[PDB]
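**Student:** Pasting a structure below so you can have a look.
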Amino acid sequence: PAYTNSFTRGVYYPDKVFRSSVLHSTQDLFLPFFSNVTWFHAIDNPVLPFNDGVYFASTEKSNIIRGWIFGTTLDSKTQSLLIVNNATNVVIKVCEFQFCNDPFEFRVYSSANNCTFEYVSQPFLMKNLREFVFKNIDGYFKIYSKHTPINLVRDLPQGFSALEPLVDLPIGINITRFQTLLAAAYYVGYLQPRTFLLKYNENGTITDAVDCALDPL
Amino acid sequence: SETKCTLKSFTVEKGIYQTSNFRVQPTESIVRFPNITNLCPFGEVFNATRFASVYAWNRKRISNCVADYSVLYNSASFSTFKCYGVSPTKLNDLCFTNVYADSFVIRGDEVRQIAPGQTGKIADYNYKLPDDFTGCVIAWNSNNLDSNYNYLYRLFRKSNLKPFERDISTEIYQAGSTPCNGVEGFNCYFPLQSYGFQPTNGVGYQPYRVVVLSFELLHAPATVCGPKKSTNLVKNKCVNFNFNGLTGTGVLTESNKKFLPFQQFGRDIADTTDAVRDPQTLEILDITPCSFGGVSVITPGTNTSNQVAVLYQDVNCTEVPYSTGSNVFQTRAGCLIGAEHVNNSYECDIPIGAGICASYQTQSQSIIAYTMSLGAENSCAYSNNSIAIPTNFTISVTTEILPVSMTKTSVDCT
Amino acid sequence: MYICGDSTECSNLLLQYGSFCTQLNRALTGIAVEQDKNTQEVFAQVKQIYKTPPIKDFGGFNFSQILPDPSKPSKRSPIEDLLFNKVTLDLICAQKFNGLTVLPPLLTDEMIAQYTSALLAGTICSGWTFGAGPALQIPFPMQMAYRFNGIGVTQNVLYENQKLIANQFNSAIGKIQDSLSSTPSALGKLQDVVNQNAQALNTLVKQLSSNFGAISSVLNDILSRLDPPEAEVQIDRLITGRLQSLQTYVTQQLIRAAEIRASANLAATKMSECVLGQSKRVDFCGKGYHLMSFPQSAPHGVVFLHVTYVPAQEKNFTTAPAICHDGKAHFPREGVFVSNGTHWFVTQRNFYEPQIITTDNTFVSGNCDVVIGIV
Amino acid sequence: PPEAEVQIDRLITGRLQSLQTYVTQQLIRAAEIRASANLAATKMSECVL
Amino acid sequence: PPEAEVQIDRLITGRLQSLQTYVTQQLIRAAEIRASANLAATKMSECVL
Amino acid sequence: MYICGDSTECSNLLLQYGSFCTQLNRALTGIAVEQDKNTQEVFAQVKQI
Amino acid sequence: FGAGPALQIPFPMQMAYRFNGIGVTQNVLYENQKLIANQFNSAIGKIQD
Ligand SMILES: *[C@@H]1O[C@H](CO)[C@@H](O[C@@H]2O[C@H](CO)[C@@H](O)[C@H](O)[C@H]2NC(C)=O)[C@H](O)[C@H]1NC(C)=O
Ligand SMILES: *[C@@H]1O[C@H](CO)[C@@H](O[C@@H]2O[C@H](CO)[C@@H](O)[C@H](O)[C@H]2NC(C)=O)[C@H](O)[C@H]1NC(C)=O
Ligand SMILES: *[C@@H]1O[C@H](CO)[C@@H](O[C@@H]2O[C@H](CO)[C@@H](O)[C@H](O)[C@H]2NC(C)=O)[C@H](O)[C@H]1NC(C)=O
Ligand SMILES: *[C@@H]1O[C@H](CO)[C@@H](O[C@@H]2O[C@H](CO)[C@@H](O)[C@H](O)[C@H]2NC(C)=O)[C@H](O)[C@H]1NC(C)=O
Ligand SMILES: *[C@@H]1O[C@H](CO)[C@@H](O[C@@H]2O[C@H](CO)[C@@H](O)[C@H](O)[C@H]2NC(C)=O)[C@H](O)[C@H]1NC(C)=O
Ligand SMILES: *[C@@H]1O[C@H](CO)[C@@H](O)[C@H](O)[C@H]1NC(C)=O
Ligand SMILES: *[C@@H]1O[C@H](CO)[C@@H](O)[C@H](O)[C@H]1NC(C)=O
Ligand SMILES: *[C@@H]1O[C@H](CO)[C@@H](O)[C@H](O)[C@H]1NC(C)=O
Ligand SMILES: *[C@@H]1O[C@H](CO)[C@@H](O)[C@H](O)[C@H]1NC(C)=O
Ligand SMILES: *[C@@H]1O[C@H](CO)[C@@H](O)[C@H](O)[C@H]1NC(C)=O
Ligand SMILES: *[C@@H]1O[C@H](CO)[C@@H](O)[C@H](O)[C@H]1NC(C)=O
């Protein structure tokens with residue numbers, strides 16, 4: 001539905017190493033430049049097939065987007081990752097939950113069971129460009145976040161976004177399907193293993209990059 | 001004498017010879033390690049009442065704490081304590097992260113754990129361990145202590161075991177073409193076969209309590225690691241720093257960069273360790289290596305005199321540790337020790353560096369260093385309506401030597 | 001140090017491989033010595049320093065764009081300043097930390113400029129006479145008249161056209177300076193050498209962070225992780241990799257140094273022939289008939305300003321092999337017979353200076369019945 | 001025989017590397033000497049004759 | 001795989017050595033041919049023209 | 001293609017040895033460019049046909 | 001044409017110029033033009049054989 005182009009947003013820091021005025025090439029999963037991201041609308045929220053990574057821009061101001069569902073089967077057996085994010089607390093749990101149906105309060109199995117991982121973080125999570133990236137690598141969930149001051153561009157804000165990593169909580173699940181925990185819209189951008197060239201600035205921030213898969217130039 | 005040994009001869013001709021390399025040596029040693037001192041949960045998966053089954057083991061996530069592997073290693077117990085990628089004696093000094101203790105029980109005969117890539121099918125359907133395994137394997141005898149947690153094992157799963165993957169529910173299995181709609185015996189047999197050896201006395205087959213530790217080495221925040229000590233932090237000194245397990249030698253100095261809050265290790269062009277983060281008090285320190293260069297011996301011929309003048313190639317003036325002749329003098333090609341600077345200029349005798357030359361001057365018989373003279377001044381009086389015509393000649397015969405053919409050598413192979 | 005810095009175990013393991021390190025050090029030292037020798041043959045031709053004359057009475061020739069300028073602290077001519085500015089190269093600090101060092105050249109750029117100005121203040125004053133024996137002073141217009149006779153053109157062409165030739169000289173030198181300043185690809189040969197050297201040095205350093213089949217690229221990580229029986233194997237693998245990389249770098253440096261030595265020999269020959277003389281070899285010193293050259297210092301190189309005489313403004317004539325006056329064939333002594341349609345003259349071959357055909361401009365040989373095309 | 005083969009292979013690799021290095025050095029030196037000899041022949045033909 | 005890595009590593013080392021030797025010999029031969037081409041260009045310039 | 005011809009398992013080990021392939025490719029490319037320059041220098045003296 | 005612009009000249013006159021260059025006068029070529037041309041043609045024909 002009204003497929004918007006990805007442009008050149010979705011670049012993060014592959015590892016926690018400070019490099020300055022250098023051109024390093026990494027073989028890491030990045031969102032390909034000038035791709036297509038579905039313009040899913042949520043004023044509703046079907047099961048988005050999480051394959052290998054999700055680009056979650058979802059500009060909004062009403063904070064209707066509370067959290068994110070991330071489950072393998074979403075019924076039983078496997079553990080379900082839930083990242084409910086209130087005004088301040090961003091409490092996360094991996095307890096086995098059926099998740100019931102679309103939320104608006106715990107719309108889950110309400111049975112707990114395998115309530116093992118219960119990290120809460122707490123400080124904060126949030127001109128309100130969410131700019132989230134999710135991926136599972138060798139039993140490690142990594143979330144990359146950044147806020148962009150955009151209040152005039154309806155489509156994707158042409159430019160660059162050096163996504164500083166947010167947290168590196170070690171968990172593990174296949175997460176075949178996922179759905180946003182809900183007047184705005186949320187895009188999804190699938191992740192592929194594309195070699196990238198990254199130009200770290202003199203201050204250590206990735207000012208620009210080129211996708212080494214797009215065109216022969 | 002060093003120059004004499006370098007040329008493998010007792011006679012040294014006039015010139016400058018490169019002998020040995022200079023290197024500033026460390027004075028102190030820094031073993032800065034994180035603040036954590038509370039002991040790790042060892043014995044929770046070691047001194048436990050029961051362990052898990054091979055089909056469904058337990059993956060305990062050891063977290064931030066001091067892990068004293070020496071207590072486990074030197075204990076007069078266990079067996080087949082084989083550590084892959086690490087040495088048990090050096091297990092304490094290394095500062096790891098993400099050590100995942102796996103506890104479970106197998107049969108007495110195997111005790112293999114798929115160690116390098118072992119093809120044994122006992123654990124080929126139960127528990128596969130990756131080839132690049134930087135951890136340790138420990139096996140314990142359980143005959144005396146309730147030979148009941150042997151439980152069961154996966155007889156077959158018609159599928160290979162992906163490394164470090166756990167399969168729990170295996171009910172449907174078949175070998176014939178008939179679909180397994182709740183039929184086990186006719187098609188073949190149902191999986192998850194049991195093992196009964198809770199008492200008995202069968203030697204060589206008593207259940208073994210096998211626990212493996214899988215450290216994750218290399219660059220990491222290094223949450224859980226060993227019981228080392230902590231030395232103070234000295235700046236602008238050649239030290240043997242050991243930051244969070246990163247061993248090396250260099251001069252740690254207060255930084256100026258803008259290290260991002262999530263970044264730990266600093267690099268630069270060509271990927272060398274330009275910066276580091278201090279584990280106790282988070283601060284960035286640039287690590288430039290201690291200075292070094294090439295020691296050169298400016299010497300006249302030993303037939304003339306037995307005096308020399310050392311030239312350290314790159315050390316400025318103060319990194320200096322013959323060796324000292326009360327004539328230290330800074331050039332553009334490093335510190336020159338043993339020669340006196342003479343303001344007068346002569347033709348170059350022994351080239352040194354960027355314009356500096358050295359020679360043996362009698363008027364005391366000491367080595368002097370000067371700036372080379374290009375040639376004799378011949379200010380020529382140019383003037384119009386004035387030409388100079390020679391009135392005599394001089395037939396001069398010069399010489400010129402040119403090598404033509406080198407020696408013809410043929411070298412056999414076998 | 002490059003194979004393994006501050007590591008006694010790897011250093012002891014390196015001694016088993018013979019004297020490879022000694023061979024590499026000897027080759028690199030020989031290359032450095034040869035590089036020191038290269039600039040002592042191009043520039044150090046004459047060991048006598050001639051100061052640039054203070055007064056400027058060279059007959060209209062400017063020369064201010066090639067002689068040293070006593071205004072800036074560096075005694076370099078404006079063209080030399082442009083050449084030095086155009087060729088431009090911390091990267092060196094990071095490389096230096098891996099056992100690499102850059103020995104400074106024996107002759108600084110100031111002494112190279114002094115040597116160049118010595119060759120330039122001798123060519124102006126004496127000409128080619130200071131390259132053979134003692135310097136013999138001669139006025140510059142007469143030196144250029146000597147050089148005009150070197151290409152078959154008589155002395156009258158210069159003296160009667162002294163102002164025009166001086167103006168063309170000054171304009172050509174100004175155009176040369178403007179072309180050097182404007183086009184950024186002029187100094188390509190000197191920049192390619194620096195680029196190749198820097199690229200090779202960068203490739204040498206980047207080979208240190210390679211596993212080469214070992215557990216880790218860092219030797220310290222391997223050393224304080226395993227017992228000596230296995231650390232020996234890992235360090236041996238690393239040693240083999242680093243040794244192969246160093247050998248490849250050294251061989252490439254040797255080949256490049258041989259090429260640079262050939263170029264330096266050609267440059268020294270060009271200096272000796274074009275600068276300290278007037279070469280009759282075609283297309284050696286510039287395109288056209290060579291007159292004289294001026295050397296200029298450049299970063300890791302030399303720039304020659306080849307002054308040449310190029311004819312233009314052709315005129316079409318009718319020529320005869322000889323002229324039969326009366327039963328005798330008169331051939332031109334020096335020159336060629338040329339008629340503009342009705343009257344016959346004898347002119348020079350490189351210029352149009354018609355003259356009456358007398359018995360002084362011609363010499364007799366035989367009768368006028370053997371030459372084909374006689375008139 | 002197995003460990004002897006392994007060590008003999010190591011020695012073979014070392015000696016082969018040494019021979020290759022000697023051959024390459026000889027080739028470069030021979031190129032230098034050939035350039036010098038070409039210069040000498042040109043000098044002879046253009047100055048003696 | 002874990003046992004085939006050794007064999008393919010031996011093959012990689014051998015082929016790398018062969019390619020390096022070929023490249024070095026080609027570089028030396030190219031230098032010689034460049035010298036011959038420079039001589040030919042000089043001969044053309046100073047004799048044909 | 002020469003060392004590990006159409007094999008991902010071998011091509012993955014070829015990355016362990018650094019950038020040797022890049023150096024060989026660059027050397028051969030430089031040799032070819034030098035051959036082209038030699039051919040241009042010898043014959044293309046006067047640009048008037 | 002290799003030292004500026006091309007100036008036409010009859011080939012016998014150019015041969016006379018070259019004879020002057022080698023030292024011999026103009027008379028030797030112009031009075032022996034047929035013999036020199038025949039020798040030149042014979043030499044070129046013998047080169048092919
Ligand atoms: C619990 O594990 C610890 C590991 O150290 C064992 O404690 C050791 O016991 C031996 C005798 O068996 C003593 O010599 C050591 O000094 C003890 N070490 C420590 C640190 O206390 C203990 O045996 C285990 N308990 C069992 C096997 O029942
Ligand atoms: C030689 O040429 C230079 C450069 O054109 C002349 O220097 C110029 O002199 C005029 C007159 O004084 C000044 O207005 C210009 O600014 C100068 N140009 C530069 C670039 O400095 C010089 O005068 C000429 N020499 C003689 C003897 O006339
Ligand atoms: C030869 O060419 C020169 C220029 O190369 C001619 O000199 C020019 O003459 C014109 C007309 O008088 C002047 O406007 C120019 O300024 C002169 N140029 C220079 C550089 O001085 C010269 O006239 C030509 N001679 C003949 C005989 O044709
Ligand atoms: C070109 O030829 C013409 C004749 O065609 C020559 O011009 C004559 O020269 C004579 C002798 O001085 C004069 O008396 C006549 O008045 C000239 N005639 C004309 C029409 O000008 C001329 O000398 C030749 N010039 C050159 C440069 O070869
Ligand atoms: C130059 O003049 C002589 C006579 O002075 C010409 O010779 C004559 O040529 C004609 C035609 O071939 C003969 O018929 C006469 O017998 C010749 N006379 C003598 C005295 O030998 C000669 O041809 C003239 N040259 C040219 C080029 O016209
Ligand atoms: C992959 O996801 C599927 C789909 O639910 C699940 O059955 C399976 O257990 C997952 N595998 C792993 C290794 O997580
Ligand atoms: C880098 O940080 C410095 C801190 O002094 C700042 O002045 C500069 O503007 C920054 N550069 C960029 C490109 O943001
Ligand atoms: C570690 O302890 C020191 C000494 O009290 C203290 O200054 C420092 O803040 C501590 N670090 C952390 C991360 O708590
Ligand atoms: C080198 O030492 C001199 C004094 O001998 C001093 O002035 C200079 O600053 C020093 N330079 C460096 C880079 O340490
Ligand atoms: C004669 O030479 C002139 C030089 O300007 C040229 O233009 C003309 O074409 C030539 N004539 C012939 C017939 O070749
Ligand atoms: C030039 O060629 C013509 C035409 O063939 C011929 O008649 C004549 O003899 C030749 N020589 C001269 C000097 O005209």
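If you're wondering about the labels, chains in the structure tokens are A, B, ... by order shown, residues count from 1 in each chain, ligands from 1 in order shown.
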Both chains have the same sequence, so match all Cα atoms in order, fit chain E onto chain D by least squares, and return it as a PDB file with N, CA and C atoms, in the first residue's frame.

**Tutor:**
```
ATOM      1  N   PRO E   1      58.871 -42.966   8.973  1.00  0.00           N
ATOM      2  CA  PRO E   1      58.518 -42.208   7.759  1.00  0.00           C
ATOM      3  C   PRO E   1      57.308 -41.305   7.956  1.00  0.00           C
ATOM      4  N   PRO E   2      56.165 -41.816   8.444  1.00  0.00           N
ATOM      5  CA  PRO E   2      54.973 -40.948   8.497  1.00  0.00           C
ATOM      6  C   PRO E   2      55.147 -39.723   9.375  1.00  0.00           C
ATOM      7  N   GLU E   3      56.015 -39.786  10.384  1.00  0.00           N
ATOM      8  CA  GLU E   3      56.286 -38.625  11.220  1.00  0.00           C
ATOM      9  C   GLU E   3      57.429 -37.772  10.689  1.00  0.00           C
ATOM     10  N   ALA E   4      58.367 -38.374   9.956  1.00  0.00           N
ATOM     11  CA  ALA E   4      59.474 -37.627   9.374  1.00  0.00           C
ATOM     12  C   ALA E   4      59.067 -36.843   8.135  1.00  0.00           C
ATOM     13  N   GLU E   5      57.946 -37.212   7.503  1.00  0.00           N
ATOM     14  CA  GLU E   5      57.479 -36.455   6.344  1.00  0.00           C
ATOM     15  C   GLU E   5      57.229 -34.998   6.703  1.00  0.00           C
ATOM     16  N   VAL E   6      56.677 -34.742   7.892  1.00  0.00           N
ATOM     17  CA  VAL E   6      56.384 -33.369   8.296  1.00  0.00           C
ATOM     18  C   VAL E   6      57.670 -32.559   8.419  1.00  0.00           C
ATOM     19  N   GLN E   7      58.677 -33.126   9.084  1.00  0.00           N
ATOM     20  CA  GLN E   7      59.925 -32.402   9.297  1.00  0.00           C
ATOM     21  C   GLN E   7      60.633 -32.135   7.974  1.00  0.00           C
ATOM     22  N   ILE E   8      60.701 -33.148   7.106  1.00  0.00           N
ATOM     23  CA  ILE E   8      61.369 -32.933   5.829  1.00  0.00           C
ATOM     24  C   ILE E   8      60.559 -31.984   4.954  1.00  0.00           C
ATOM     25  N   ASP E   9      59.237 -31.922   5.146  1.00  0.00           N
ATOM     26  CA  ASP E   9      58.431 -30.950   4.416  1.00  0.00           C
ATOM     27  C   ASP E   9      58.728 -29.529   4.879  1.00  0.00           C
ATOM     28  N   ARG E  10      58.900 -29.335   6.190  1.00  0.00           N
ATOM     29  CA  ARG E  10      59.303 -28.023   6.693  1.00  0.00           C
ATOM     30  C   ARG E  10      60.655 -27.612   6.121  1.00  0.00           C
ATOM     31  N   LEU E  11      61.613 -28.544   6.110  1.00  0.00           N
ATOM     32  CA  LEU E  11      62.924 -28.242   5.540  1.00  0.00           C
ATOM     33  C   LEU E  11      62.821 -27.922   4.053  1.00  0.00           C
ATOM     34  N   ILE E  12      61.984 -28.666   3.326  1.00  0.00           N
ATOM     35  CA  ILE E  12      61.793 -28.419   1.900  1.00  0.00           C
ATOM     36  C   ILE E  12      61.229 -27.025   1.675  1.00  0.00           C
ATOM     37  N   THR E  13      60.232 -26.634   2.473  1.00  0.00           N
ATOM     38  CA  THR E  13      59.638 -25.309   2.319  1.00  0.00           C
ATOM     39  C   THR E  13      60.662 -24.212   2.586  1.00  0.00           C
ATOM     40  N   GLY E  14      61.446 -24.359   3.657  1.00  0.00           N
ATOM     41  CA  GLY E  14      62.456 -23.354   3.956  1.00  0.00           C
ATOM     42  C   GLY E  14      63.493 -23.225   2.856  1.00  0.00           C
ATOM     43  N   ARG E  15      64.002 -24.362   2.374  1.00  0.00           N
ATOM     44  CA  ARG E  15      65.032 -24.327   1.342  1.00  0.00           C
ATOM     45  C   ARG E  15      64.476 -23.798   0.025  1.00  0.00           C
ATOM     46  N   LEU E  16      63.220 -24.128  -0.291  1.00  0.00           N
ATOM     47  CA  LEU E  16      62.584 -23.586  -1.487  1.00  0.00           C
ATOM     48  C   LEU E  16      62.457 -22.072  -1.406  1.00  0.00           C
ATOM     49  N   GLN E  17      62.041 -21.553  -0.248  1.00  0.00           N
ATOM     50  CA  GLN E  17      61.951 -20.104  -0.091  1.00  0.00           C
ATOM     51  C   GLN E  17      63.319 -19.448  -0.243  1.00  0.00           C
ATOM     52  N   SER E  18      64.352 -20.049   0.354  1.00  0.00           N
ATOM     53  CA  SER E  18      65.697 -19.489   0.236  1.00  0.00           C
ATOM     54  C   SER E  18      66.150 -19.452  -1.220  1.00  0.00           C
ATOM     55  N   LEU E  19      65.938 -20.553  -1.947  1.00  0.00           N
ATOM     56  CA  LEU E  19      66.350 -20.609  -3.346  1.00  0.00           C
ATOM     57  C   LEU E  19      65.576 -19.607  -4.193  1.00  0.00           C
ATOM     58  N   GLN E  20      64.274 -19.461  -3.934  1.00  0.00           N
ATOM     59  CA  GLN E  20      63.472 -18.501  -4.687  1.00  0.00           C
ATOM     60  C   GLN E  20      63.952 -17.074  -4.451  1.00  0.00           C
ATOM     61  N   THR E  21      64.246 -16.728  -3.194  1.00  0.00           N
ATOM     62  CA  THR E  21      64.755 -15.391  -2.907  1.00  0.00           C
ATOM     63  C   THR E  21      66.091 -15.152  -3.600  1.00  0.00           C
ATOM     64  N   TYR E  22      66.986 -16.144  -3.549  1.00  0.00           N
ATOM     65  CA  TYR E  22      68.278 -16.002  -4.212  1.00  0.00           C
ATOM     66  C   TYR E  22      68.110 -15.811  -5.713  1.00  0.00           C
ATOM     67  N   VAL E  23      67.213 -16.584  -6.329  1.00  0.00           N
ATOM     68  CA  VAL E  23      67.006 -16.489  -7.771  1.00  0.00           C
ATOM     69  C   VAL E  23      66.438 -15.127  -8.151  1.00  0.00           C
ATOM     70  N   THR E  24      65.477 -14.619  -7.376  1.00  0.00           N
ATOM     71  CA  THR E  24      64.905 -13.309  -7.688  1.00  0.00           C
ATOM     72  C   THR E  24      65.949 -12.203  -7.569  1.00  0.00           C
ATOM     73  N   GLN E  25      66.747 -12.230  -6.497  1.00  0.00           N
ATOM     74  CA  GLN E  25      67.800 -11.231  -6.347  1.00  0.00           C
ATOM     75  C   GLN E  25      68.818 -11.333  -7.476  1.00  0.00           C
ATOM     76  N   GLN E  26      69.156 -12.560  -7.882  1.00  0.00           N
ATOM     77  CA  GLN E  26      70.087 -12.742  -8.988  1.00  0.00           C
ATOM     78  C   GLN E  26      69.518 -12.190 -10.286  1.00  0.00           C
ATOM     79  N   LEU E  27      68.216 -12.375 -10.516  1.00  0.00           N
ATOM     80  CA  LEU E  27      67.596 -11.825 -11.719  1.00  0.00           C
ATOM     81  C   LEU E  27      67.662 -10.303 -11.729  1.00  0.00           C
ATOM     82  N   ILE E  28      67.367  -9.670 -10.591  1.00  0.00           N
ATOM     83  CA  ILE E  28      67.424  -8.209 -10.538  1.00  0.00           C
ATOM     84  C   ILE E  28      68.852  -7.717 -10.771  1.00  0.00           C
ATOM     85  N   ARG E  29      69.826  -8.360 -10.120  1.00  0.00           N
ATOM     86  CA  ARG E  29      71.219  -7.962 -10.298  1.00  0.00           C
ATOM     87  C   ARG E  29      71.677  -8.186 -11.734  1.00  0.00           C
ATOM     88  N   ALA E  30      71.202  -9.260 -12.369  1.00  0.00           N
ATOM     89  CA  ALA E  30      71.539  -9.515 -13.763  1.00  0.00           C
ATOM     90  C   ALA E  30      70.951  -8.454 -14.678  1.00  0.00           C
ATOM     91  N   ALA E  31      69.735  -7.987 -14.383  1.00  0.00           N
ATOM     92  CA  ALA E  31      69.165  -6.895 -15.168  1.00  0.00           C
ATOM     93  C   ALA E  31      70.003  -5.628 -15.036  1.00  0.00           C
ATOM     94  N   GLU E  32      70.427  -5.306 -13.810  1.00  0.00           N
ATOM     95  CA  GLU E  32      71.279  -4.135 -13.613  1.00  0.00           C
ATOM     96  C   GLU E  32      72.603  -4.278 -14.361  1.00  0.00           C
ATOM     97  N   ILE E  33      73.212  -5.463 -14.292  1.00  0.00           N
ATOM     98  CA  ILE E  33      74.482  -5.691 -14.970  1.00  0.00           C
ATOM     99  C   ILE E  33      74.305  -5.647 -16.482  1.00  0.00           C
ATOM    100  N   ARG E  34      73.166  -6.122 -16.993  1.00  0.00           N
ATOM    101  CA  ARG E  34      72.895  -6.023 -18.422  1.00  0.00           C
ATOM    102  C   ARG E  34      72.768  -4.571 -18.856  1.00  0.00           C
ATOM    103  N   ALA E  35      72.127  -3.739 -18.033  1.00  0.00           N
ATOM    104  CA  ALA E  35      72.072  -2.312 -18.347  1.00  0.00           C
ATOM    105  C   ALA E  35      73.471  -1.705 -18.382  1.00  0.00           C
ATOM    106  N   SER E  36      74.314  -2.069 -17.410  1.00  0.00           N
ATOM    107  CA  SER E  36      75.688  -1.568 -17.407  1.00  0.00           C
ATOM    108  C   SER E  36      76.451  -2.034 -18.644  1.00  0.00           C
ATOM    109  N   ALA E  37      76.238  -3.283 -19.060  1.00  0.00           N
ATOM    110  CA  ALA E  37      76.927  -3.813 -20.232  1.00  0.00           C
ATOM    111  C   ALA E  37      76.456  -3.133 -21.512  1.00  0.00           C
ATOM    112  N   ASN E  38      75.159  -2.833 -21.609  1.00  0.00           N
ATOM    113  CA  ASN E  38      74.661  -2.087 -22.760  1.00  0.00           C
ATOM    114  C   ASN E  38      75.273  -0.695 -22.811  1.00  0.00           C
ATOM    115  N   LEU E  39      75.383  -0.035 -21.654  1.00  0.00           N
ATOM    116  CA  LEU E  39      76.040   1.268 -21.620  1.00  0.00           C
ATOM    117  C   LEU E  39      77.500   1.157 -22.047  1.00  0.00           C
ATOM    118  N   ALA E  40      78.190   0.105 -21.601  1.00  0.00           N
ATOM    119  CA  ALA E  40      79.590  -0.076 -21.974  1.00  0.00           C
ATOM    120  C   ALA E  40      79.742  -0.323 -23.471  1.00  0.00           C
ATOM    121  N   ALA E  41      78.850  -1.128 -24.055  1.00  0.00           N
ATOM    122  CA  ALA E  41      78.901  -1.372 -25.493  1.00  0.00           C
ATOM    123  C   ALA E  41      78.636  -0.094 -26.276  1.00  0.00           C
ATOM    124  N   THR E  42      77.668   0.709 -25.825  1.00  0.00           N
ATOM    125  CA  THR E  42      77.409   1.988 -26.480  1.00  0.00           C
ATOM    126  C   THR E  42      78.623   2.903 -26.394  1.00  0.00           C
ATOM    127  N   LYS E  43      79.256   2.967 -25.221  1.00  0.00           N
ATOM    128  CA  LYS E  43      80.442   3.800 -25.064  1.00  0.00           C
ATOM    129  C   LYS E  43      81.562   3.337 -25.982  1.00  0.00           C
ATOM    130  N   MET E  44      81.784   2.023 -26.062  1.00  0.00           N
ATOM    131  CA  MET E  44      82.805   1.496 -26.961  1.00  0.00           C
ATOM    132  C   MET E  44      82.513   1.883 -28.404  1.00  0.00           C
ATOM    133  N   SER E  45      81.273   1.661 -28.850  1.00  0.00           N
ATOM    134  CA  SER E  45      80.924   1.925 -30.243  1.00  0.00           C
ATOM    135  C   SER E  45      81.069   3.401 -30.590  1.00  0.00           C
ATOM    136  N   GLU E  46      80.628   4.289 -29.701  1.00  0.00           N
ATOM    137  CA  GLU E  46      80.576   5.708 -30.031  1.00  0.00           C
ATOM    138  C   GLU E  46      81.816   6.487 -29.612  1.00  0.00           C
ATOM    139  N   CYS E  47      82.756   5.873 -28.894  1.00  0.00           N
ATOM    140  CA  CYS E  47      83.975   6.572 -28.511  1.00  0.00           C
ATOM    141  C   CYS E  47      85.233   5.885 -29.013  1.00  0.00           C
ATOM    142  N   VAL E  48      85.345   4.565 -28.859  1.00  0.00           N
ATOM    143  CA  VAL E  48      86.526   3.871 -29.364  1.00  0.00           C
ATOM    144  C   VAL E  48      86.537   3.891 -30.887  1.00  0.00           C
ATOM    145  N   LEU E  49      85.405   3.571 -31.503  1.00  0.00           N
ATOM    146  CA  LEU E  49      85.289   3.531 -32.961  1.00  0.00           C
ATOM    147  C   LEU E  49      84.736   4.836 -33.517  1.00  0.00           C
TER     148      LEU E  49
END
```

**Student:** Please, which residues of chain G lie no more than 9 Å from chain E when the count uses only C-alpha atoms, and can they be set out as a PyMOL selection string?

**Tutor:** chain G and resi 1-3

**Student:** Store the residues picked out above, limited to N, CA, C and O atoms, as an mmCIF file, in the first residue's frame.

**Tutor:**
```
data_model
loop_
_atom_site.group_PDB
_atom_site.id
_atom_site.type_symbol
_atom_site.label_atom_id
_atom_site.label_comp_id
_atom_site.auth_asym_id
_atom_site.auth_seq_id
_atom_site.Cartn_x
_atom_site.Cartn_y
_atom_site.Cartn_z
ATOM 1 N N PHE G 1 59.786 17.435 -40.511
ATOM 2 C CA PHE G 1 58.465 17.168 -39.960
ATOM 3 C C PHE G 1 58.525 16.609 -38.545
ATOM 4 O O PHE G 1 57.480 16.511 -37.893
ATOM 5 N N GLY G 2 59.708 16.241 -38.066
ATOM 6 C CA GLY G 2 59.922 15.877 -36.683
ATOM 7 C C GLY G 2 60.539 16.967 -35.839
ATOM 8 O O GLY G 2 60.816 16.737 -34.659
ATOM 9 N N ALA G 3 60.764 18.149 -36.407
ATOM 10 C CA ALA G 3 61.329 19.291 -35.701
ATOM 11 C C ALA G 3 60.531 20.548 -36.009
ATOM 12 O O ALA G 3 61.090 21.621 -36.253
#
```
